[PDB]
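Presented below, as structure tokens, is a lone chain in the form solved without 2'-deoxyadenosine 5'-triphosphate.
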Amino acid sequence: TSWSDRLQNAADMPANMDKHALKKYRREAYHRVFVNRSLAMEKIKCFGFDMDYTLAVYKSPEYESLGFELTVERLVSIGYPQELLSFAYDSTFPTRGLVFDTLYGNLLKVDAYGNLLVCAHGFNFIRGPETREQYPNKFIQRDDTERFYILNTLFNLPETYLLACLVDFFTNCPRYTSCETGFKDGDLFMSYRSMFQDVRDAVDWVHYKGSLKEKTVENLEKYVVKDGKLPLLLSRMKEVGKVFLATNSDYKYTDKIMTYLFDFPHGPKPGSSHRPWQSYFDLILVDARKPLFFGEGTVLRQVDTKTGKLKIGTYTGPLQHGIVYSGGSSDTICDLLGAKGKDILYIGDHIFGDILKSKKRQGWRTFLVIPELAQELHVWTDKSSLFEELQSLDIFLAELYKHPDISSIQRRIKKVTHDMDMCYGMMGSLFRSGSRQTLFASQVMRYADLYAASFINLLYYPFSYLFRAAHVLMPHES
């Protein structure tokens, strides 16, 4: 079972809008909206959406597998060895949010401070003291964006696995000789960083010049989750506020995916006339180029929807029914919809490009969609046992220190941590390794005001609702 399977099964279920059923439904964890900072939904005037992996959740592992095989084939066609074609995507290896160290070829799972939680060279997990050879302080400066690349979105799941496949392949192929920073084959030296760059470029190419979009659009049922409750939520949002779309995808792909997402024999609810997807939005903006969108942006353009090409020139006119925008900036949204940042709930899946930047740069309210959360929640409850253990041991270890045994328990902690981590996958949970929270976890807590397995979970809350977080206290305040 994949995380998308739980999403698809919830998506099959029609909306019972009886108010008692909604409170019952919302209190199950899979359907709940989780709260880091308090948000009074009554003060929200604009609900804004990203598309890919927010409204349009690609099915797993089919979509990653397609992206993987198309990327491998691109690498082979530019000259990588034919043995790459025998690679097959394996969904149990990659966890999202890993850091690839382009200097030493390692995949790293780090905490908010750059401390190493897991280090994997190819498929060989480097433990404790062996990592100190390359990481003397067991720590990396993630600010060093020239050396480290954070694989932050679900689109990066294929290359996460692919990078490990390649490091493993070149390490164990006898034509190549291993060095600290790459592989030599006679007079050709392939550094990990140039290998990383080829992988990044092939992923980009597959998405923007190869066949990924075509193959997706010609079998949408295979690749994209569909949910009849989407038009209902959006029309309800439209009753109390304005609704807008702001996506990095271009108009043609956006049109094809959104038409699929609303392709039901009805509109908001069964029985209602079907309406075009564009009628659910007061503002539609494509080619957003987030996160730049939340700073200077680019020039505001108008899409020719008959052709899907941009009209020549900068659009200077008013908000007008039927118009589709391209580029612009977050200020375009604020001016045209007459909103301030704290009037806006922006909903998306990119912790950096959608959530961190809109929060920090513009003061928008934020809702982070985490598709994996459905499966993470399944594992976290089912295996609460080892976590409570882990909490007990650290507490007991402290009392030992102030009073063998300590060395025995440090090893017992390490064994439990590993046992807990292996139940999510080889790279462990999205949110932690044992008792240590991941960088991704800390960034969710810091910048996502709300978060959920799906944006659809908002349907189960009235729009007067005050999402309440606990007041935070410093250690001395208790």
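A residue's number is simply how far along the shown sequence it sits, counting from 1.
There is another form of this protein, the form deposited with 2'-deoxyadenosine 5'-triphosphate bound, and it is not shown here; the text below is about that form.
Peer 1: With the partner left out here, if you bring back 2'-deoxyadenosine 5'-triphosphate in the bound PDB entry, are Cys46, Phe244 and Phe463 all within 4.5 Å of it by some heavy atom?
Peer 2: The answer is no: none of the three residues contacts the partner (heavy atom, 4.5 Å cut-off).
Peer 1: Partner absent here, but in the bound PDB entry, which of 83-91, 345-353, 188-196, 68-76 has residues with a heavy atom within 4.5 Å of 2'-deoxyadenosine 5'-triphosphate?
Peer 2: Contact-bearing stretch, as computed: 345-353.
Peer 1: Would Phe34 count as touching 2'-deoxyadenosine 5'-triphosphate in the bound PDB entry under a 4.5 Å heavy atom rule?
Peer 2: No, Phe34 stays farther than 4.5 Å from 2'-deoxyadenosine 5'-triphosphate in the bound PDB entry.
Peer 1: Can any non-hydrogen atom of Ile150 be found within 4.5 angstroms of 2'-deoxyadenosine 5'-triphosphate in the bound PDB entry?
Peer 2: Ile150 belongs to the contact set for 2'-deoxyadenosine 5'-triphosphate.
Peer 1: Heavy atom to heavy atom, is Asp143 within 4.5 Å of 2'-deoxyadenosine 5'-triphosphate in the bound PDB entry?
Peer 2: Answer yes; at least one heavy atom of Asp143 falls within 4.5 Å of 2'-deoxyadenosine 5'-triphosphate in the bound PDB entry.
Peer 1: Would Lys360 sit within 4.5 Å of 2'-deoxyadenosine 5'-triphosphate in the bound PDB entry, counting heavy atoms only?
Peer 2: The answer is yes: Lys360 has a heavy atom within 4.5 Å of 2'-deoxyadenosine 5'-triphosphate.
Peer 1: I need to confirm a contact call. Of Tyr451, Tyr447, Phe431, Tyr424, which residue comes within 4.5 Å of 2'-deoxyadenosine 5'-triphosphate in the bound PDB entry, counting heavy atoms only?
Peer 2: Contact check passes for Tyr447.
Peer 1: Just to make sure I understand: among 428-445, which residues lie within 4.5 Å of 2'-deoxyadenosine 5'-triphosphate in the bound PDB entry, judging by heavy atoms?
Peer 2: Contacts from 428-445: just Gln443.
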